[PDB]
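Next comes just one chain, in structure tokens: the form deposited in one PDB entry.
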């Protein structure tokens, strides 16, 4: 019967993970910083019963390995689960790798040794990941010597994954064929690691396609090749390990522990730079992140349409006198009422968070916080703070993808982006034709924003 907000306060948002938002939190007594993953019961269903979840959490809190995220505490209330663990500040592995001048098999081997080391340890404890992918590999700190920390190990056994595409970007490339068909075991993690290793050394997914289902069809057939030009740079032993890890029948697939003893791991963690692989990983990364940002922008526009009208109706009802005037305490009460009905905002953990947010909106609008305020003006501002925020995230991702600083995305590139985003081919072309009436075969940022608004009913 211990409450999460009695102990921890939210400092800021760390980002979106599988199953929920991750908030940087701080212990109110000790000052300890923690990364808290907040899982919404309404958004995410459980796969196991109460007893199985508690026992797994209890085990996970005791486990310790340098390549595995450390879990500290678990909480639960009427609407949420709170997974409290150690903060890591190095960011995603692949974002660090694209910022390097050089990258060799020695670097790749040291990365994969770390991932294999962590996996081996968790397998010894009968914990399977299943959803292992580059976004679940965080560097512990910004130091060039930083260890990789694998996150979300063991979670997918207890929670059902989202079917929504905004939560599924990247996932199809890395999933083992046996997970698609239902009978899987710890060997599925060695497959996913094999896919990651294939991409580290070549910069392209082994199983690819024009959309999610085309990727899944390729994974399911299990056929891949080492026939690209950049594979001629690579040692035969690297390709031998990859073959063992991407073996189709799991009983015949190499174990994590035996992969650590493989000739390639032994030789290269004891050579030329892969310039072409770095080039492809940077493009891969930019493409994946812009599709994510596009889907998140479309989502936040829909969330805004929903919340704006809801908040107006909450205040209209609150305004018993009917003159449009409410005070700060009434605005706070109504904003808290919005959080009860929705439960979308992870950063509004308690009453004290919403009070700060109300004050931030009031200080922006230039209205006095100790008198009565026009609520319609408050609603417009409060929602634009989420609307403009998501608008800037999209733009940054547009600039990053546009590595030539051309200012434009070509029609070929839009097909790639919307393929990863799983927006129907005929559907976006229609939206493009509606906005691109000069047959340029390309769009600038504003035109791209306009397409996305049209692809979420606006």
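Whichever C-alpha set is largest while still superposing within 1.5 Å between the two forms counts as the rigid core. Numbering follows the first chain given and starts at 1.
Keep in mind that the form deposited in another entry is missing from the display, and what follows is about it.
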| item | value |
| --- | --- |
| Candidates 285, 211, 247, 344 - which moves between the shown form and the other one, C-alpha at least 2 Å, core fixed | 344 |
| Threshold 2 Å Cα movement between the shown form and the other one for residue 258, core superposed | no |
| Rigid core superposed: residue 387 CA moves 2 Å or more between the shown form and the other one | yes |
| Displaced residue check between the shown form and the other one: residue 322, CA, 2 Å or over, core reference | yes |
| Cα distance between residue 389 and residue 92, which in the other form differs by 3 Å or more from this form, closer or farther | closer |
| Residue 344 and residue 285, C-alpha gap in the other form relative to this structure (3 Å or more) | farther |
